[PDB]
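Data block below; observations after.
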Amino acid sequence: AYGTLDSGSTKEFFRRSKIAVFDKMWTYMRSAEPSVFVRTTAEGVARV
Amino acid sequence: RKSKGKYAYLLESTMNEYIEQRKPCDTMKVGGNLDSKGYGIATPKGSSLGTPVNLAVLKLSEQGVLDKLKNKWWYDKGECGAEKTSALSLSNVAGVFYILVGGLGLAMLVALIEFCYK
Amino acid sequence: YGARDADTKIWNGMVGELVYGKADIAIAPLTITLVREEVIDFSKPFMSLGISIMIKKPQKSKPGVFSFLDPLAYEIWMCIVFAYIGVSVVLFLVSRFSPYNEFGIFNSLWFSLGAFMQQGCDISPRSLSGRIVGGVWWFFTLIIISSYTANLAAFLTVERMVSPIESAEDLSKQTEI
Amino acid sequence: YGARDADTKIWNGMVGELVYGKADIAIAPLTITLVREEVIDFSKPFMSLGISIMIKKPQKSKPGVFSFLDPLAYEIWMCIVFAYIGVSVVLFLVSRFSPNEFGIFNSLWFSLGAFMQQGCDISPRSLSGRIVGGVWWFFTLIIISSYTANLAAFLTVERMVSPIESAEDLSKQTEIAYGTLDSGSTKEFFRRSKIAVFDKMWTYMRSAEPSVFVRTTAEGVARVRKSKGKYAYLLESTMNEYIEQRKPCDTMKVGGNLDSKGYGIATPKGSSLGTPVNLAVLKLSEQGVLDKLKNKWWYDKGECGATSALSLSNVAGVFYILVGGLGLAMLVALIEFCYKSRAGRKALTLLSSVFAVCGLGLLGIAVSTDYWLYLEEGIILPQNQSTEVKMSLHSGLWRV
Amino acid sequence: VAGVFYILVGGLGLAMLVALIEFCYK
Amino acid sequence: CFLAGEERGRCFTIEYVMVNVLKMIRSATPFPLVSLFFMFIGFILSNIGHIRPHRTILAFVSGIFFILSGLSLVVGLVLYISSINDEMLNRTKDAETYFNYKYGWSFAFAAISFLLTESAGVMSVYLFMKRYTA
Ligand SMILES: CC(C)CCC[C@@H](C)[C@@H]1CC[C@H]2[C@@H]3CC=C4C[C@@H](O)CC[C@]4(C)[C@@H]3CC[C@@]21C
Ligand SMILES: CC(C)CCC[C@@H](C)[C@@H]1CC[C@H]2[C@@H]3CC=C4C[C@@H](O)CC[C@]4(C)[C@@H]3CC[C@@]21C
Ligand SMILES: N#Cc1ccccc1-c1cc(-c2ccccn2)cn(-c2ccccc2)c1=O
Ligand SMILES: N#Cc1ccccc1-c1cc(-c2ccccn2)cn(-c2ccccc2)c1=O
Ligand SMILES: O=c1[nH]c2cc(C(F)(F)F)c(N3CCOCC3)cc2n(CP(=O)(O)O)c1=O
Ligand SMILES: O=c1[nH]c2cc(C(F)(F)F)c(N3CCOCC3)cc2n(CP(=O)(O)O)c1=O
């Protein structure tokens with residue numbers, strides 16, 4: 001399961017991306033239970 | 001699910017493709033369809049909506065909107081998607097044990113019989 | 001969805017809400033039917049569908065008693081047994097008809113047994129004709145045992161499930177499922 | 001079938017004959033399209049269909065009788081025999097020159113049952129003989145392990161082979177070239193498709209040298225057949241099921257459909273015929289007449305019909321060596337006792353010298369010539385895979 | 001697998017030496 | 001008999017209404033019975049044969065019954081263990097469940113009783129051949 005910080009340029013990259021790989025990756029991340037999005041970078045490093 | 005691969009359920013193909021993408025990932029759709037039907041948008045008989053609705057369904061079909069919405073609701077919002085070899089268990093090789101003891105059982109008989117009847 | 005009662009002749013569901021006036025359009029999984037398009041207007045189908053078969057996904061099978069035999073077909077295991085009798089009879093006819101004796105019919109079975117299970121000897125056949133029976137069955141064994149191990153390794157590496165049925169023609173012929 | 005010309009705005013088909021009054025109904029495989037139902041009526045579809053994939057029915061490989069030798073190259077099996085001689089000969093020599101049970105008759109027999117890992121009785125009691133047996137003991141440990149491991153690699157890679165069962169399988173696996181007819185609804189499907197799989201498939205097909213697009217359906221069916229696994233043809237679902245039932249029974253239809261179309265019965269947009277025809281089609285659908293007629297013309301008039309364990313076809317020559325090994329052993333017990341029931345060094349004198357005379361000569365005439373190594377080379381074409389040679393060559397030890 | 005051939009002939013070469021040496025020097 | 005799963009001490013000792021692991025160990029049941037039967041008949045022949053050594057013939061056919069007991073005790077354990085693994089295969093495979101079988105001391109004492117009654121059988125062939133000697 002791969003994720004992104006919940007608010008920034010990285011999340012808005014995939015949200016508006018019209019490249020076939022990154023369009024598929026955004027489809028996975030928006031529709032994922034439990035949430036793959038972390039709230040802080042240090043939270044996202046810990047979850048790795 | 002609770003018949004261990006001994007009950008096949010004949011149902012419509014759109015639910016069959018939907019339940020296959022639910023949790024558990026236990027069920028599977030096999031074969032092709034058996035009949036052919038369609039789902040249509042219905043209006044009352046004699047209505048201003050009818051002819052623009054019919055030309056809308058054909059426009060959404062050929063632009064790919066109706067295929068896009070089905071991938072969305074059946075597969076992209078689908079729970080099921082789309083290793084590490086395990087040790088051999090005893091149930092796989094239990095036959096050479098039964099042939100071993102069955103080979104020792106038939107060997108003690110030939111011992112106890114023939115030496116007495118020498 | 002909408003059906004018509006045999007007595008009251010009244011349409012239920014989303015159909016009767018179009019026949020009688022509660023609604024203007026019914027966007028739904030509503031099947032285009034003969035008895036329904038006599039009373040309403042459908043569009044062209046937005047979704048095509050049909051009757052299909054649902055089975056539980058095939059998992060790993062249960063192992064039978066003779067599951068260990070399965071890397072080789074039963075056509076092979078029979079022809080090994082025929083050939084085991086075959087090389088012991090010929091080893092006897094080597095020994096009985098004008099030998100170089102010690103290799104009886106019960107001994108020639110015993111030389112070819114430990115040969116095929118790759119387990120030494122007791123005594124070399126000491127003829128030349130006994131050697132060719134002994135030597136060729138030793139190469140037979142080597143290929144068969146290596147083909148057992150190599151085909152079992154392919155099975156254990158690549159997990160490949162099959163479904164019992166593949167169509168409704170298959171369901172009609174069987175009675176197990 | 002019918003298409004409005006962009007210049008003259010004139011329909012040119014069966015749609016033309018309905019718009020321009022020449023006919024009253026078109027009962028034909030006419031696709032329900034947007035631009036057509038703007039000018040004519042259509043019934044509900046009497047046949048649903050879509051774009052499908054046509055591949056060749058895969059193949060089976062025929063085990064050529066000595067296929068059990070295939071895990072090792074023929075140069076290995078040759079040098080196993082040359083090493084079997086060599087270890088037998090060195091045994092007898094070491095054994096004679098020692099303080100014997102061994103003959104070269106026995107030394108052929110030690111070296112074989114050690115190759116087959118079947119044990120031996122004659123032990124090379126000299127420690128100079130123990131070096132002979134010990135290295136041939138390790139030789140066949142590495143040869144038997146290499147046979148089993150390369151055969152396991154074959155049977156694993158053949159079991160990892162997965163056939164095409166979707167358009168996503170064609171999307172990923174680029175070893176099979178897939179194509180479309182060069183002008184129709186199938187090519188214009190991929191050209192305007194904004195679905196991620198079909199957008200990738202169009203990217204492959206537009207950028208492909210040589211051209212994957214065929215010009216005729218019968219051309220596209222032929223290219224499936226003369227490619228042996230390498231072409232897939234994207235066509236309509238109903239022609240795919242029909243050609244599957246023809247002669248030769250060579251191709252097959254894989255997957256589901258890639259889109260959804262329908263064939264309708266068309267009337268000239270004003271007709272009093274259009275409403276009873278629409279209710280006729282829905283009556284023939286629910287009385288099973290339309291599925292009955294498809295079985296009749298696709299399958300009842302079809303020119304075709306309608307295990308993972310290792311088979312005897314594969315290990316067949318290991319029985320033919322076994323029978324031939326028993327058949328030769330009936331010959332020996334015949335002639336050896338006929339030697340015994342009838343039971344010198346000058347033949348030993350003659351043979352040993354006369355073998356050397358050819359022996360000195362055969363190596364001598366071979367080393368001085370230049371036909372040791374043939375070497376063909378060149379480029380191929382997909383023109384029936386016919387080959388021209390742009391480098392023929394010979395070689396010798398020095399004379400090339 | 002050319003290595004087990006060189007070890008085979010190299011094993012036969014070192015075996016004929018031990019034969020020709022030691023039986024003469026018995 | 002159960003434990004912490006709903007904490008009930010319901011020793012069902014199943015003969016009627018109810019998992020299928022407990023039905024497959026019903027299938028393996030006759031083999032530790034026949035083994036225990038051949039242990040007992042191997043000893044009640046052994047106990048009287050300490051009183052009557054008089055021909056020789058006793059401790060041989062009891063030693064047959066010591067060895068035939070352990071061989072049916074092997075088939076008892078193989079059928080028992082394979083019946084576990086057949087049903088551990090068919091449970092369900094989620095990444096959120098865990099099944100854990102474990103063999104207890106009651107299983108182990110049956111397996112220790114193999115080696116004793118087999119080694120008892122080995123000495124039972126010994127002193128039979130000592131009284132056939134004497
Ligand atoms: C002398 C010997 C061979 C006597 C034979 C009895 C034993 C060894 C045999 C060998 C194969 C076994 C079988 C193997 C498993 C099957 C299916 C199982 O659900 C119940 C027991 C059953 C039906 C058989 C019963 C017992 C059986 C254990
Ligand atoms: C009694 C025996 C071992 C004497 C040794 C001579 C032979 C057998 C040896 C064994 C290993 C071989 C080697 C193997 C191949 C290498 C690399 C090649 O590019 C040139 C020859 C060279 C460098 C070696 C020379 C010859 C060599 C053939
Ligand atoms: N697993 C396993 C196994 C272990 C030892 C010996 C044989 C097998 C085995 C092999 C095969 C097989 C089949 C084809 C090709 C190669 N191998 C199959 N099975 C098996 C497994 C489950 C159910 C039935 C058979 C087996 O149990
Ligand atoms: N399958 C098989 C098989 C069984 C026993 C012995 C050999 C083979 C076999 C091996 C190989 C092979 C090839 C390369 C590397 C390793 N193995 C090939 N074949 C084979 C199968 C079908 C047709 C032709 C050859 C074979 O039949
Ligand atoms: O117009 C109709 N459209 C229908 C559409 C669906 C669905 F699949 F949900 F879209 C279903 N289901 C089938 C599976 O179980 C859930 C309900 C029934 C429908 N029925 C009644 P039926 O076909 O007589 O059973 C109609 O009449
Ligand atoms: O209404 C249409 N119905 C069509 C029906 C078929 C057929 F399958 F034969 F029924 C075919 N073919 C597809 C390939 O084999 C030969 C002819 C083309 C049709 N086209 C033209 P396209 O779809 O633009 O290529 C239509 O327009």
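Residues are named by chain letter and number: chains run A, B, ... in the order of the structure tokens, numbers start at 1 in each chain, and ligands are numbered from 1 in the order shown.
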
_Using DSSP secondary structure from the backbone, list all alpha helix (DSSP H) positions within segment 40-94 of chain F, as a PyMOL selection string._
chain F and resi 40-49+58-89

*Show me which bits of chain D are within 7 Å of chain E, counting only C-alpha atoms, as a list in words.*
residues 90, 94, 97, 98, 128, 129, 131, 132, 135, 136 and 139 of chain D

*Return as a ChimeraX atom specification the residues of protein, DNA or RNA that approach ligand 6 to within 10 Å, with only C-alpha atoms and all ligand atoms taken into account.*
/D:1-3,13-15,28-33,36,49-51,180-189,216-218,220,234-240,242,261-264

*Which chain D residues are at most 6 Å from chain C (counting only C-alpha atoms), as a list in words?*
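Result: residues 116, 118, 119, 148, 151, 152, 155, 156, 282, 309, 310, 311, 312, 318, 322, 325, 326, 329, 332 and 333 of chain D.
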
*Which residues, written as a PyMOL selection string, have at least one atom at most 7 Å from residue 92 of chain B, with only C-alpha atoms counted and residues fewer than 5 positions away on the same chain left out?*
chain C and resi 63+67-68

Quick one: write out the picked residues with C-alpha atoms as a PDB file, in the first residue's frame?
ATOM      1  CA  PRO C  63      -4.560 -34.526  -1.549  1.00  0.00           C
ATOM      2  CA  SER C  67      -1.361 -37.949  -4.722  1.00  0.00           C
ATOM      3  CA  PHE C  68       2.362 -38.670  -4.762  1.00  0.00           C
TER       4      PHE C  68
END

*Select all residues from chain D having any atom no more than 8 Å from an atom of chain B (counting only C-alpha atoms, ignoring ligands), output as a PyMOL selection string.*
chain D and resi 33-34+37-38+48+192-195+256+259+291

*What residues in chain C lie within 12 Å of chain F, counting only C-alpha atoms, written as a list in words?*
residues 56, 57, 58, 59, 60, 61, 62, 63, 64 and 65 of chain C

Take the residues from that selection and write them out as a CSV table (one decimal), in the first residue's frame, keeping N, CA and C atoms.
chain,number,residue,atom,x,y,z
C,56,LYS,N,-17.8,-20.7,-6.3
C,56,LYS,CA,-16.7,-20.4,-5.4
C,56,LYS,C,-15.4,-20.6,-6.1
C,57,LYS,N,-14.4,-19.7,-5.8
C,57,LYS,CA,-13.1,-19.7,-6.5
C,57,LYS,C,-12.4,-21.0,-6.2
C,58,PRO,N,-11.7,-21.6,-7.2
C,58,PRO,CA,-10.9,-22.8,-6.9
C,58,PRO,C,-9.7,-22.5,-6.0
C,59,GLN,N,-9.6,-23.3,-5.0
C,59,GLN,CA,-8.5,-23.3,-4.1
C,59,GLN,C,-7.6,-24.5,-4.3
C,60,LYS,N,-6.6,-24.7,-3.4
C,60,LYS,CA,-5.8,-25.8,-3.5
C,60,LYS,C,-6.6,-27.1,-3.2
C,61,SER,N,-6.4,-28.1,-4.0
C,61,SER,CA,-7.2,-29.3,-3.9
C,61,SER,C,-6.8,-30.1,-2.6
C,62,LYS,N,-7.7,-31.0,-2.2
C,62,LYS,CA,-7.3,-31.9,-1.2
C,62,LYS,C,-6.4,-33.0,-1.7
C,63,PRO,N,-5.4,-33.5,-1.0
C,63,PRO,CA,-4.6,-34.5,-1.5
C,63,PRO,C,-5.2,-35.9,-1.3
C,64,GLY,N,-5.3,-36.7,-2.3
C,64,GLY,CA,-5.8,-38.1,-2.1
C,64,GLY,C,-4.7,-39.0,-1.5
C,65,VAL,N,-5.0,-40.3,-1.4
C,65,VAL,CA,-4.0,-41.2,-1.0
C,65,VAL,C,-2.9,-41.3,-2.0

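Interatomic distance, atom CA of residue 11 of chain C against atom CA of residue 290 of chain D: 28.0 Å.
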
_Within 12 Å of chain A: residues of chain D, using only C-alpha atoms, as number ranges by chain_ = D: 194-200

Write a file of the selected residues as a PDB file, in the first residue's frame, keeping N, CA and C atoms.
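Ended up saving to selection_2.pdb:
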ATOM      1  N   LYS D 194     -10.743   6.632 -24.454  1.00  0.00           N
ATOM      2  CA  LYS D 194     -10.124   7.269 -23.303  1.00  0.00           C
ATOM      3  C   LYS D 194     -10.163   6.343 -22.094  1.00  0.00           C
ATOM      4  N   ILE D 195     -10.188   5.042 -22.354  1.00  0.00           N
ATOM      5  CA  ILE D 195     -10.056   4.013 -21.335  1.00  0.00           C
ATOM      6  C   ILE D 195      -8.609   3.560 -21.366  1.00  0.00           C
ATOM      7  N   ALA D 196      -8.002   3.429 -20.181  1.00  0.00           N
ATOM      8  CA  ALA D 196      -6.557   3.319 -20.017  1.00  0.00           C
ATOM      9  C   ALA D 196      -5.946   2.123 -20.732  1.00  0.00           C
ATOM     10  N   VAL D 197      -6.682   1.013 -20.777  1.00  0.00           N
ATOM     11  CA  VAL D 197      -6.209  -0.174 -21.482  1.00  0.00           C
ATOM     12  C   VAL D 197      -6.218   0.067 -22.980  1.00  0.00           C
ATOM     13  N   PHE D 198      -7.326   0.602 -23.484  1.00  0.00           N
ATOM     14  CA  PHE D 198      -7.522   0.748 -24.921  1.00  0.00           C
ATOM     15  C   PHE D 198      -6.754   1.942 -25.446  1.00  0.00           C
ATOM     16  N   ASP D 199      -6.447   2.894 -24.570  1.00  0.00           N
ATOM     17  CA  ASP D 199      -5.554   3.984 -24.930  1.00  0.00           C
ATOM     18  C   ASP D 199      -4.129   3.472 -25.090  1.00  0.00           C
ATOM     19  N   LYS D 200      -3.739   2.491 -24.275  1.00  0.00           N
ATOM     20  CA  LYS D 200      -2.405   1.930 -24.423  1.00  0.00           C
ATOM     21  C   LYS D 200      -2.323   1.042 -25.654  1.00  0.00           C
TER      22      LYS D 200
END

*Would you return as a PyMOL selection string the members of segment 129-291 of chain D that DSSP assigns to strand (DSSP E) on this structure's backbone?*
chain D and resi 177-180+231-236+251-254+261-267

Could you please take those selected residues and save N, CA, C and O atoms as a PDB file, in the first residue's frame?
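Result file is part16.pdb:
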ATOM      1  N   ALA D 177       1.983  -9.345 -31.537  1.00  0.00           N
ATOM      2  CA  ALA D 177       1.541  -8.130 -32.202  1.00  0.00           C
ATOM      3  C   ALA D 177       0.061  -8.254 -32.506  1.00  0.00           C
ATOM      4  O   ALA D 177      -0.369  -9.241 -33.090  1.00  0.00           O
ATOM      5  N   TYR D 178      -0.718  -7.277 -32.092  1.00  0.00           N
ATOM      6  CA  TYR D 178      -2.148  -7.310 -32.325  1.00  0.00           C
ATOM      7  C   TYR D 178      -2.589  -6.142 -33.179  1.00  0.00           C
ATOM      8  O   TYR D 178      -2.063  -5.039 -33.078  1.00  0.00           O
ATOM      9  N   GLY D 179      -3.576  -6.401 -34.028  1.00  0.00           N
ATOM     10  CA  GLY D 179      -3.974  -5.427 -35.023  1.00  0.00           C
ATOM     11  C   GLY D 179      -5.460  -5.424 -35.276  1.00  0.00           C
ATOM     12  O   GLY D 179      -6.232  -6.160 -34.665  1.00  0.00           O
ATOM     13  N   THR D 180      -5.836  -4.587 -36.230  1.00  0.00           N
ATOM     14  CA  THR D 180      -7.206  -4.199 -36.516  1.00  0.00           C
ATOM     15  C   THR D 180      -7.308  -4.081 -38.033  1.00  0.00           C
ATOM     16  O   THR D 180      -6.298  -3.976 -38.718  1.00  0.00           O
ATOM     17  N   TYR D 231       0.360 -13.259 -33.835  1.00  0.00           N
ATOM     18  CA  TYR D 231      -0.602 -12.242 -34.216  1.00  0.00           C
ATOM     19  C   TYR D 231      -1.929 -12.489 -33.518  1.00  0.00           C
ATOM     20  O   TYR D 231      -2.350 -13.635 -33.350  1.00  0.00           O
ATOM     21  N   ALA D 232      -2.560 -11.405 -33.079  1.00  0.00           N
ATOM     22  CA  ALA D 232      -3.929 -11.427 -32.589  1.00  0.00           C
ATOM     23  C   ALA D 232      -4.735 -10.427 -33.396  1.00  0.00           C
ATOM     24  O   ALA D 232      -4.252  -9.338 -33.694  1.00  0.00           O
ATOM     25  N   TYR D 233      -5.949 -10.795 -33.767  1.00  0.00           N
ATOM     26  CA  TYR D 233      -6.766  -9.938 -34.606  1.00  0.00           C
ATOM     27  C   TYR D 233      -7.967  -9.433 -33.831  1.00  0.00           C
ATOM     28  O   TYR D 233      -8.717 -10.220 -33.258  1.00  0.00           O
ATOM     29  N   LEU D 234      -8.133  -8.119 -33.801  1.00  0.00           N
ATOM     30  CA  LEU D 234      -9.243  -7.483 -33.112  1.00  0.00           C
ATOM     31  C   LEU D 234     -10.375  -7.269 -34.103  1.00  0.00           C
ATOM     32  O   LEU D 234     -10.253  -6.464 -35.024  1.00  0.00           O
ATOM     33  N   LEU D 235     -11.469  -7.992 -33.924  1.00  0.00           N
ATOM     34  CA  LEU D 235     -12.574  -7.956 -34.865  1.00  0.00           C
ATOM     35  C   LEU D 235     -13.859  -7.978 -34.057  1.00  0.00           C
ATOM     36  O   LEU D 235     -13.841  -7.872 -32.832  1.00  0.00           O
ATOM     37  N   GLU D 236     -14.988  -8.105 -34.734  1.00  0.00           N
ATOM     38  CA  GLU D 236     -16.272  -8.142 -34.066  1.00  0.00           C
ATOM     39  C   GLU D 236     -16.562  -9.525 -33.527  1.00  0.00           C
ATOM     40  O   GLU D 236     -16.093 -10.523 -34.063  1.00  0.00           O
ATOM     41  N   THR D 251      -8.264 -21.113 -35.298  1.00  0.00           N
ATOM     42  CA  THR D 251      -8.280 -19.922 -34.472  1.00  0.00           C
ATOM     43  C   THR D 251      -9.281 -20.082 -33.343  1.00  0.00           C
ATOM     44  O   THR D 251     -10.108 -20.994 -33.348  1.00  0.00           O
ATOM     45  N   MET D 252      -9.200 -19.187 -32.366  1.00  0.00           N
ATOM     46  CA  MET D 252     -10.141 -19.214 -31.262  1.00  0.00           C
ATOM     47  C   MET D 252     -10.414 -17.799 -30.783  1.00  0.00           C
ATOM     48  O   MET D 252      -9.658 -16.871 -31.054  1.00  0.00           O
ATOM     49  N   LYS D 253     -11.517 -17.650 -30.068  1.00  0.00           N
ATOM     50  CA  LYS D 253     -11.963 -16.374 -29.530  1.00  0.00           C
ATOM     51  C   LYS D 253     -11.688 -16.334 -28.037  1.00  0.00           C
ATOM     52  O   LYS D 253     -12.184 -17.183 -27.294  1.00  0.00           O
ATOM     53  N   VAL D 254     -10.920 -15.351 -27.593  1.00  0.00           N
ATOM     54  CA  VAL D 254     -10.490 -15.295 -26.205  1.00  0.00           C
ATOM     55  C   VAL D 254     -11.066 -14.048 -25.554  1.00  0.00           C
ATOM     56  O   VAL D 254     -11.263 -13.013 -26.196  1.00  0.00           O
ATOM     57  N   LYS D 261     -22.034  -3.429 -28.541  1.00  0.00           N
ATOM     58  CA  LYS D 261     -22.834  -2.950 -29.642  1.00  0.00           C
ATOM     59  C   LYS D 261     -24.106  -3.770 -29.719  1.00  0.00           C
ATOM     60  O   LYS D 261     -24.311  -4.707 -28.961  1.00  0.00           O
ATOM     61  N   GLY D 262     -24.963  -3.407 -30.655  1.00  0.00           N
ATOM     62  CA  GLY D 262     -26.133  -4.201 -30.953  1.00  0.00           C
ATOM     63  C   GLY D 262     -26.411  -4.061 -32.423  1.00  0.00           C
ATOM     64  O   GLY D 262     -25.996  -3.098 -33.054  1.00  0.00           O
ATOM     65  N   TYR D 263     -27.068  -5.067 -32.968  1.00  0.00           N
ATOM     66  CA  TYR D 263     -27.583  -5.045 -34.325  1.00  0.00           C
ATOM     67  C   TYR D 263     -29.080  -4.850 -34.250  1.00  0.00           C
ATOM     68  O   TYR D 263     -29.755  -5.580 -33.537  1.00  0.00           O
ATOM     69  N   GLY D 264     -29.602  -3.888 -34.995  1.00  0.00           N
ATOM     70  CA  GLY D 264     -31.011  -3.594 -34.963  1.00  0.00           C
ATOM     71  C   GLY D 264     -31.629  -3.758 -36.335  1.00  0.00           C
ATOM     72  O   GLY D 264     -30.942  -3.831 -37.343  1.00  0.00           O
ATOM     73  N   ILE D 265     -32.935  -3.815 -36.342  1.00  0.00           N
ATOM     74  CA  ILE D 265     -33.702  -3.840 -37.574  1.00  0.00           C
ATOM     75  C   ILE D 265     -34.237  -2.448 -37.816  1.00  0.00           C
ATOM     76  O   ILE D 265     -34.847  -1.850 -36.934  1.00  0.00           O
ATOM     77  N   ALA D 266     -33.984  -1.920 -38.996  1.00  0.00           N
ATOM     78  CA  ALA D 266     -34.150  -0.510 -39.249  1.00  0.00           C
ATOM     79  C   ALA D 266     -35.286  -0.260 -40.227  1.00  0.00           C
ATOM     80  O   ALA D 266     -35.464  -1.006 -41.185  1.00  0.00           O
ATOM     81  N   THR D 267     -36.058   0.782 -39.961  1.00  0.00           N
ATOM     82  CA  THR D 267     -37.233   1.219 -40.689  1.00  0.00           C
ATOM     83  C   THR D 267     -37.124   2.718 -40.976  1.00  0.00           C
ATOM     84  O   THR D 267     -36.378   3.424 -40.295  1.00  0.00           O
TER      85      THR D 267
END

_Please return as a PyMOL selection string the residues found within 9 Å of ligand 1, counting only C-alpha atoms and all ligand atoms._
(chain B and resi 94-95+97-106) or (chain C and resi 64-65) or (chain F and resi 24+27-28+31+71-72+75-76+78-79+83)

Residues from last step as file, N, CA and C atoms, as a short mmCIF file (atom, residue, chain, number, x, y, z; two decimals), in the first residue's frame:
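Result file is result-v2.cif:
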data_model
loop_
_atom_site.label_atom_id
_atom_site.label_comp_id
_atom_site.auth_asym_id
_atom_site.auth_seq_id
_atom_site.Cartn_x
_atom_site.Cartn_y
_atom_site.Cartn_z
N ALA B 94 1.14 -38.75 2.41
CA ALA B 94 0.64 -39.79 3.30
C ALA B 94 0.47 -41.13 2.60
N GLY B 95 0.47 -41.14 1.28
CA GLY B 95 0.36 -42.37 0.53
C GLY B 95 1.55 -43.29 0.65
N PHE B 97 3.40 -43.57 3.17
CA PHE B 97 3.38 -44.14 4.51
C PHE B 97 2.43 -45.32 4.57
N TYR B 98 1.27 -45.22 3.91
CA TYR B 98 0.31 -46.31 3.90
C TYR B 98 0.82 -47.46 3.06
N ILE B 99 1.59 -47.15 2.02
CA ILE B 99 2.27 -48.18 1.25
C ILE B 99 3.45 -48.73 2.04
N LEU B 100 4.00 -47.94 2.96
CA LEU B 100 5.10 -48.47 3.77
C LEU B 100 4.58 -49.45 4.81
N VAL B 101 3.56 -49.07 5.57
CA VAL B 101 3.01 -49.96 6.58
C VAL B 101 2.26 -51.10 5.92
N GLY B 102 1.60 -50.83 4.80
CA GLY B 102 0.97 -51.88 4.03
C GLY B 102 1.96 -52.79 3.36
N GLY B 103 3.18 -52.30 3.17
CA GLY B 103 4.24 -53.15 2.68
C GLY B 103 4.89 -53.94 3.79
N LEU B 104 4.85 -53.41 5.02
CA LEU B 104 5.37 -54.17 6.15
C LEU B 104 4.34 -55.17 6.65
N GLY B 105 3.06 -54.87 6.48
CA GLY B 105 1.98 -55.77 6.86
C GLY B 105 1.92 -56.99 5.96
N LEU B 106 2.12 -56.78 4.66
CA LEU B 106 2.18 -57.91 3.74
C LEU B 106 3.52 -58.64 3.81
N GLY C 64 -5.30 -36.72 -2.30
CA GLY C 64 -5.78 -38.07 -2.08
C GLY C 64 -4.73 -38.98 -1.48
N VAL C 65 -4.99 -40.28 -1.44
CA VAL C 65 -3.99 -41.25 -1.03
C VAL C 65 -2.86 -41.33 -2.04
N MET F 24 -13.34 -35.22 11.43
CA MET F 24 -12.34 -36.00 10.71
C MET F 24 -11.48 -36.81 11.66
N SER F 27 -13.00 -40.00 12.08
CA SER F 27 -12.67 -40.96 11.03
C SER F 27 -11.39 -41.72 11.34
N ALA F 28 -10.51 -41.13 12.14
CA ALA F 28 -9.22 -41.76 12.42
C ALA F 28 -9.26 -42.62 13.67
N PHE F 31 -8.00 -46.63 14.81
CA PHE F 31 -6.62 -47.07 14.79
C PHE F 31 -5.88 -46.94 16.13
N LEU F 71 2.43 -50.51 14.53
CA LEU F 71 2.24 -50.22 13.12
C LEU F 71 0.86 -49.67 12.84
N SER F 72 -0.15 -50.12 13.58
CA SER F 72 -1.45 -49.48 13.49
C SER F 72 -1.50 -48.20 14.30
N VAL F 75 -0.37 -45.59 11.56
CA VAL F 75 -1.49 -45.26 10.68
C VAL F 75 -2.52 -44.42 11.43
N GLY F 76 -2.62 -44.62 12.73
CA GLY F 76 -3.41 -43.75 13.58
C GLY F 76 -2.93 -42.33 13.58
N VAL F 78 -0.83 -40.89 11.32
CA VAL F 78 -0.78 -40.32 9.98
C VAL F 78 -2.17 -39.88 9.53
N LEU F 79 -3.18 -40.71 9.81
CA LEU F 79 -4.56 -40.33 9.52
C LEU F 79 -5.03 -39.17 10.38
N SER F 83 -5.65 -35.42 8.56
CA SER F 83 -7.03 -34.95 8.64
C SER F 83 -7.09 -33.53 9.18
#

*Could you tell me, counting only C-alpha atoms and all ligand atoms, which protein and nucleic acid residues lie no more than 6 Å from ligand 5, written as a PyMOL selection string?*
(chain B and resi 12+15) or (chain C and resi 1+29-31)

Using only N, CA and C atoms, please write the residues we just selected to a file, as an mmCIF file, in the first residue's frame.
data_model
loop_
_atom_site.group_PDB
_atom_site.id
_atom_site.type_symbol
_atom_site.label_atom_id
_atom_site.label_comp_id
_atom_site.auth_asym_id
_atom_site.auth_seq_id
_atom_site.Cartn_x
_atom_site.Cartn_y
_atom_site.Cartn_z
ATOM 1 N N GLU B 12 -27.988 -13.135 -12.578
ATOM 2 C CA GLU B 12 -27.711 -12.166 -13.622
ATOM 3 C C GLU B 12 -26.241 -11.804 -13.621
ATOM 4 N N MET B 15 -24.800 -8.576 -11.342
ATOM 5 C CA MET B 15 -24.586 -8.855 -9.932
ATOM 6 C C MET B 15 -23.444 -9.827 -9.742
ATOM 7 N N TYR C 1 -39.729 -3.353 -9.362
ATOM 8 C CA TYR C 1 -39.414 -2.949 -10.724
ATOM 9 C C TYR C 1 -40.659 -2.672 -11.545
ATOM 10 N N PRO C 29 -31.719 -0.133 -13.208
ATOM 11 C CA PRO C 29 -31.618 -1.439 -13.855
ATOM 12 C C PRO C 29 -32.966 -2.064 -14.153
ATOM 13 N N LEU C 30 -33.658 -1.577 -15.170
ATOM 14 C CA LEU C 30 -35.007 -2.013 -15.479
ATOM 15 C C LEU C 30 -34.950 -2.766 -16.798
ATOM 16 N N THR C 31 -35.319 -4.042 -16.775
ATOM 17 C CA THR C 31 -35.143 -4.912 -17.926
ATOM 18 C C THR C 31 -36.122 -4.552 -19.027
#
